[PDB]
Amino acid sequence: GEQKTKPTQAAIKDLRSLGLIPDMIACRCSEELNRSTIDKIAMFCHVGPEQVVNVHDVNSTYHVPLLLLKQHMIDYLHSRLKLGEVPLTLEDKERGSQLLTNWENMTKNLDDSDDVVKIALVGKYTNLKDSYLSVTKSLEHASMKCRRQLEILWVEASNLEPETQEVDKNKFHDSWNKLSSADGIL
Amino acid sequence: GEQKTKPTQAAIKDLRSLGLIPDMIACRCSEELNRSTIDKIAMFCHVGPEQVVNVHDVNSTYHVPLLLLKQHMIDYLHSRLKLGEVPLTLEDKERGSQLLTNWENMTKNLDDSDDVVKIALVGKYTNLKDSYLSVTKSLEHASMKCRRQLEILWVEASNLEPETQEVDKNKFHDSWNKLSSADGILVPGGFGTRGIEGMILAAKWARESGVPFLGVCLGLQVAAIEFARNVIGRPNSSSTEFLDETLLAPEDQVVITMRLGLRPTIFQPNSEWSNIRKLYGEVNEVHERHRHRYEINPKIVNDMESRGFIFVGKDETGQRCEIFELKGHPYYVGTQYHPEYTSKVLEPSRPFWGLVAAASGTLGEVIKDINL
Amino acid sequence: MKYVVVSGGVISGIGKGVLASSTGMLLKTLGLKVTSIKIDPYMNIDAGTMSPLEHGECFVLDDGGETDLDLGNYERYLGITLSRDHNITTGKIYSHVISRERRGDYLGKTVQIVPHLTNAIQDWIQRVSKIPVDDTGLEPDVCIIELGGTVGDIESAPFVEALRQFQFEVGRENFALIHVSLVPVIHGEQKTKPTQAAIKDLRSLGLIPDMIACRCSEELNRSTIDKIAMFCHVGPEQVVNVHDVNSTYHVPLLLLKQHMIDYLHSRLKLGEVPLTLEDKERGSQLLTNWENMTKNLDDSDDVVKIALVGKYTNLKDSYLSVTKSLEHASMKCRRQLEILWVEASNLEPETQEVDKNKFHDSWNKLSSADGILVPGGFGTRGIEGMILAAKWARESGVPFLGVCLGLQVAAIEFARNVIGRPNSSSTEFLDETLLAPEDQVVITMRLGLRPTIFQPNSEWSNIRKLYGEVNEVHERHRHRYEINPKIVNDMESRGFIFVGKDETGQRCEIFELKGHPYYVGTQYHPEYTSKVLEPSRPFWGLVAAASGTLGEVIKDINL
Ligand SMILES: Nc1ccn([C@@H]2O[C@H](COP(=O)(O)OP(=O)(O)OP(=O)(O)O)[C@@H](O)[C@H]2O)c(=O)n1
Ligand SMILES: Nc1ccn([C@@H]2O[C@H](COP(=O)(O)OP(=O)(O)OP(=O)(O)O)[C@@H](O)[C@H]2O)c(=O)n1
Ligand SMILES: Nc1ccn([C@@H]2O[C@H](COP(=O)(O)OP(=O)(O)OP(=O)(O)O)[C@@H](O)[C@H]2O)c(=O)n1
Ligand SMILES: Nc1ccn([C@@H]2O[C@H](COP(=O)(O)OP(=O)(O)OP(=O)(O)O)[C@@H](O)[C@H]2O)c(=O)n1
Ligand SMILES: [Mg+2]
Ligand SMILES: [Mg+2]
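Chains as they are written, first to last, in our numbering: chain D, 1070 to 1255; chain G, 72 to 443; chain W, 16 to 574.
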């Protein structure tokens, strides 16, 4: 039950040693960081406590930018890199603030989309989901644009082959069950 | 929370009035009858309290005889009808006490059989389960003989038809899900024609996906229609039972005005390899109960006989086709008689014992239990 | 005059008493001066001989008439006061006409049970329905008769004949029959043949039914109603269903959704009865009080836990009036009720030698309670548990009401644990010891509605605030044994102040303990006088103190 900031303080020592100086301290804790945990990380690293961002899990990874925006990270980076001195047109700036509202809209659509769509992804090595990371992510974009919540049905394709019935019937039924249950097939 | 014996006491009054006198008072309470409930029923009816049998629910209806046997009902009926005065041989009596041990054995086997077998029953009107009571009961006999516990998957056949996807996708998925989950498949001798395309798709699935299959009556006939459309390659081939006044040439059936009752089925000569003939003990003739107006058009048989759909059994004239088994599949059978009706609780109907054995695995071990 | 007879049943446990107590309530919303009669087929003269173990509590009327439970259900639903004549019994009417024989009044004829005894029933119902029952001496407009037993019995037999003659000796259109009936469900199918085998017997015994009030487990199917309306001669609109709903105070409003006032207004021509606006507007206002209190039950969530501490708690009907008074007090506070059944003998330390689980569960339930009730027990064998709960309620500050025996164990507790006499005793129990510290004395019975006068200094007493500060209280009594009045001057000095006494001054009837949030004894029974829209003031006090906001209830009373 205690937050342990000594692995972090033993990588701030090495960072200063290898010679870069840190600006943010972006913790991957299992929790919200305690106000006393941030205060001690800001005592052992030289960052101010406003800069000790927490990057904890939220309902999908498309929310993560908006957590960092609640945690002042644009207001800090605008200061710490003097981004007001970069030349921008209104065609830059208004595309910027419009893209923010597209991200606020698509994350709001994810927050109350309920109507499921089941897509069967049919192939080898489905236990290695990262072997298909771009396939998965493209279905997530397509999902949020349709405003239907996604379930992907992992069909390990070799199990659909009738010879599987000679080896394990459970695999033959589960795979054809997942395929038959799917609203669409890939 | 109180047991109410006044509906009973208001049917004992009417019984005495209409003039019969009762012996037993067989209550259908939701519970065990209280000792005070029995004592009052034995005060208002004139039976002694030992005779007020309770017939409450137990783990399957095949246990009910053994509840009545715990409740002294043979010892009472042996006295009250003087059954010791009836003449019996040892061939009667020892068959009697042996049949009791077969019932004690099959109920003990039901009490600790756990390994499930899922059979898809594919047809119209599955919400009216009593429309198939004999089909269900024959699978229960076949189940208990295999020592696998039964689940039957009700597939309302019209939901398998692709047009259902235009009406409700949930029905299209649930029905194909139940069919895909099944360890074995049954086309259960339906009535009318309006679900037939779903019964054809389940027969396509059962042939190509290797799943164990039994077609009863209409089930043999959709299997011939499936095989014609999907292996012989005539996609316009049709149930003459349905698509009649079109007058098309690829007729899988013909009317031959009724045919009913127990009839003789003779096995065709080469049939030795057929699993269905192993299940009938390899005996040359089978006596089973029929219903059909429409039968397979016998002018297609020489094609099916060439393509591995071999008509294992025929009518005594040779002209009518009554059993087929498909070559090179674990168990895929049509029977145009009804095998349901002849099943007994200690003698499951051989095609249904075949299906529940193939779906359980150990179809070979059942073929030894029969032929030894 | 008009009559509605509630009757019937394939089985006697079917629950006619709600349909009676709820039909009469619906007719009172038309503003009619409704009354009710119970028929009980048992041979008891009156309930005083039969112990609370044997089919529930021993009720009390203004007369002192110890009576059937079912009188109480009409009193509390209808706001009426009844008399011991409103309970017709096989005991009473046969004792009446057989005593009348030795008096000679049939002029030495035969006193056959046909003609003469069924004539005494028809006379008794016509006497009784003209006795006044509301706050003014006006005679009733409509009488609800609840026919106990079933139609088709041998204990029912003179009543069903008497009521066949009474269908004519009072004209049709001044009489209506409601037949309660059983429609079993088996294998998923509604079975209307028990009902059709009690409509045959009803027609045979000679009454004709108007309603067919089924106690099915379900909503009746439209096809089930259509067949009951084919075999009984009622139209399908009249086949009322009386299925379970979130509390029994909703049942009148289900019958009102099922047209039952619109039917009874037609079938008894109730538009021809003379009513004032003071009748009619009281009628339609009382309907809105019932719609309001049922709406308050539908979304009250904040629980209040009351410990009911006594013997025989497995026989909950031994306390039916106690339970029902807490339900009225609950709905008036707008807190949802849980009652904690504390089987009092389990609180006694010797229980720890027999079963520790009982000793912990009972003290756990008592410790969990937001308020505590000693509910006027009977016999003596649980008394030490009721004393320990009174010690707990005094020292731990928890809200407390002692009813009857409850006031008496509170005096025994206070004597043993504050005055310091550990040998002080219930003279109701420990009699032939002849000890000097007697907390009680026998004074041979005292029954019925009696006058309680408040003692002079009483102004500060929360119980006197709950009675509206009125100088006299009229409430129903039962007690052989009363507090020994020679201890009172000690208790009066120690802060246990006797707020109320009998008109002679010599008998003690209420106390309140100084310096506790709410700790009351009442030696009368406050249960019986509670109505569904007027909860009994000591019980409204308890459920208010346990809910918090006892002060806000004292404004709702005194404004
Ligand atoms: N760089 C540091 C940090 C701490 N301490 C000492 O080590 C003790 C134990 O370390 P801990 O209290 O656990 O400090 P944290 O940095 O919080 O370690 P963790 O985050 O794992 O709890 C502290 O009381 C302190 O006296 C030290 O010597 N050097
Ligand atoms: N044939 C009968 C049976 C009972 N009674 C009387 O009817 C009363 C109520 O019937 P009940 O006590 O309910 O008897 P049961 O037959 O048990 O009815 P149920 O089974 O429905 O409880 C009984 O106390 C008894 O005096 C009667 O008159 N005739
Ligand atoms: N308005 C009502 C009427 C009845 N009851 C409950 O009903 C009980 C007893 O059943 P009742 O309906 O009075 O009838 P029975 O006792 O079944 O008797 P009978 O059918 O012979 O009239 C008690 O537990 C009481 O709590 C209630 O809570 N509220
Ligand atoms: N008074 C009656 C009612 C019905 N029947 C016959 O009895 C058969 C079986 O009765 P049932 O169909 O069960 O009628 P119900 O009155 O509904 O019986 P239950 O309510 O128990 O279902 C009916 O088909 C009908 O032909 C009869 O002879 N006499
Ligand atoms: Mg009874
Ligand atoms: Mg009752």
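Don't be surprised by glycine CBs; every beta carbon is placed ideally from N, CA and C.
| query | Mapping DSSP to helix, strand and coil, what is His-248 (chain W)? | reply | coil
| query | Counting along the chain, where does the alpha helix (DSSP H) carrying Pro-78 (chain G) start and finish? | reply | 77 to 89
| Listed by chain order, chain G residues near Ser-1249 (chain D) by CB distance under 7 Å | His-244, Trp-247, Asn-248 and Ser-251
| request: Measure from the C-beta of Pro-1156 (chain D) to each C-beta in chain G and report whether the shortest distance is under 7 Å. | output: no
| task | With a 10 Å radius around its C-beta and 16 neighbouring C-beta atoms as the bar for buried, classify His-202 (chain W) as buried or exposed. | result | exposed
| query | Beta-carbon separation of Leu-224 (chain G) and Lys-275 (chain G) under 7 Å? | reply | Pairing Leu-224 (chain G) with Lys-275 (chain G) gives a Cβ-Cβ distance that is not under 7 Å.
| said: If contact is defined by three or more beta carbon pairs under 8 Å, each pair taking one atom from either stretch, is the region 134 to 146 of chain W in contact with the region 179 to 199 of chain W? | reply: yes
| request: Give the residues from the region 207 to 219 of chain W that approach chain G closer than 7 Å (Cβ to any Cβ), ordered along the chain. | output: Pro-209 and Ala-212
| task | Please confirm if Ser-280 (chain G) has its CB atom under 7 Å from at least one CB of chain D. | result | Between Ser-280 (chain G) and chain D, the shortest Cβ-Cβ separation is below 7 Å.
| At a Cβ cut of 9 Å, what residues of the region 285 to 319 of chain G count as close to chain W, listed as they run along the chain? | Of all residues in the region 285 to 319 of chain G, none is placed with a Cβ closer than 9 Å to any Cβ belonging to chain W.
| task | Could you please give the first and the last residue of the uninterrupted alpha helix (DSSP H) stretch that includes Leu-1135 (chain D)? | result | 1133 to 1139
| query | Going by Cα to Cα distance, which pick from W:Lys-107, W:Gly-80 and W:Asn-88 is closest to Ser-98 (chain W)? | reply | Considering only alpha carbons, the answer is W:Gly-80.
| Residue of W:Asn-486, W:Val-568 and W:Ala-430 minimising C-alpha distance to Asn-504 (chain W) | Minimum Cα-Cα distance from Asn-504 (chain W) among the listed residues W:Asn-486, W:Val-568 and W:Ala-430 corresponds to W:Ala-430.
| task | Please list, in chain order, all residues of the same chain as residue 34 (chain G) whose beta carbon is under 8 Å from its beta carbon, the five residues on each side excluded. | result | Lying before the first or after the last residue shown, residue 34 (chain G) is absent from chain G, which here runs from 72 to 443.
| request: Consider the Cβ of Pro-1134 (chain D): report whether some Cβ of chain G lies at a distance smaller than 7 Å. | output: It does not; no Cβ of chain G falls within 7 Å.
| query | Which bits of chain W does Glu-121 (chain G) rub up against, with CB to CB less than 8 Å? | reply | Correct list: empty, because the minimum Cβ distance to chain W is about 26 Å.
| query | Just to check, is the beta-carbon of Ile-140 (chain W) closer than 6 Å to a non-hydrogen atom of ligand 3? | reply | no
| 7 Å Cβ cutoff met for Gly-46 (chain W) and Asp-294 (chain W) | Yes.
| the region 378 to 395 of chain G in contact with the region 17 to 27 of chain W per 3-pair CB rule at 8 Å | no
| said: Quick check on the DSSP output: the alpha helix (DSSP H) that includes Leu-192 (chain W) runs from which residue to which? | reply: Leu-192 (chain W) -> not in any alpha helix (DSSP H); beta strand (DSSP E) instead, spanning 190 to 196.
| message | Counting only Cβ pairs nearer than 8 Å, list the residues of chain W close to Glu-103 (chain G). | response | Ordered by position in chain W, no residue passes the 8 Å Cβ test against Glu-103 (chain G), which lies about 18 Å from the chain.
| Taking the C-alpha atoms as reference points, what is the distance between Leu-381 (chain W) and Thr-165 (chain W)? | 42 Å
| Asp-454 (chain W) to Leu-270 (chain W), Cα distance in whole Å? | 51 Å
| field | Per-residue contacts from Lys-240 (chain G) into chain D (C-beta, under 9 Å) | value | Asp-1252
| field | Opening and closing residue of the alpha helix (DSSP H) in which residue 581 (chain W) lies | value | Any question about residue 581 (chain W) goes unanswered here, given that chain W covers just 16 to 574.
| query | Where do the N-terminal and C-terminal ends of the beta strand (DSSP E) with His-358 (chain G) fall, by residue? | reply | From DSSP, the beta strand (DSSP E) with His-358 (chain G) extends over 356 to 362.
| message | Using a Cβ-Cβ distance cut-off of 7 Å, determine whether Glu-73 (chain G) contacts chain W. | response | Cβ-Cβ to chain W under 7 Å: yes for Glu-73 (chain G).
| request: Ignore the nearest five residues each way along the sequence and tell me which others in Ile-240 (chain W)'s own chain have a CB closer than 7 Å to its CB. | output: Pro-251 and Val-254
| query | Quick one: is the Cβ of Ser-545 (chain W) within less than 6 Å of any heavy atom of ligand 3? | reply | no
| field | Any heavy atom of ligand 1 within less than 5 Å of residue CB: hits in chain order | value | D:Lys-1073, D:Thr-1074 and D:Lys-1075
| message | Whole angstroms are fine: how far does the CA of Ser-214 (chain G) sit from the CA of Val-427 (chain G)? | response | 6 Å
| message | Taking 8 Å as the cut-off, does the region 267 to 282 of chain G touch the region 225 to 233 of chain G (at least 3 CB pairs, one atom from each stretch)? | response | yes
| message | Can you look up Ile-169 (chain W) in the DSSP assignment and give me helix, strand or coil? | response | DSSP places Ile-169 (chain W) in coil when its eight states are reduced to three.
| request: Count the other CB atoms, across all protein chains shown, that sit within 10 Å of the CB of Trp-475 (chain W); report buried if there are 16 or more and exposed otherwise. | output: Answer is exposed; the Cβ neighbour count stays below 16.
| Beta-bridge partners of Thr-104 (chain W), as assigned by DSSP | W:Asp-55
| message | Below 6 Å, is the gap between the Cβ of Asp-85 (chain W) and the nearest heavy atom of ligand 6? | response | Distances from the CB of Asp-85 (chain W) to the heavy atoms of ligand 6 include at least one below 6 Å.
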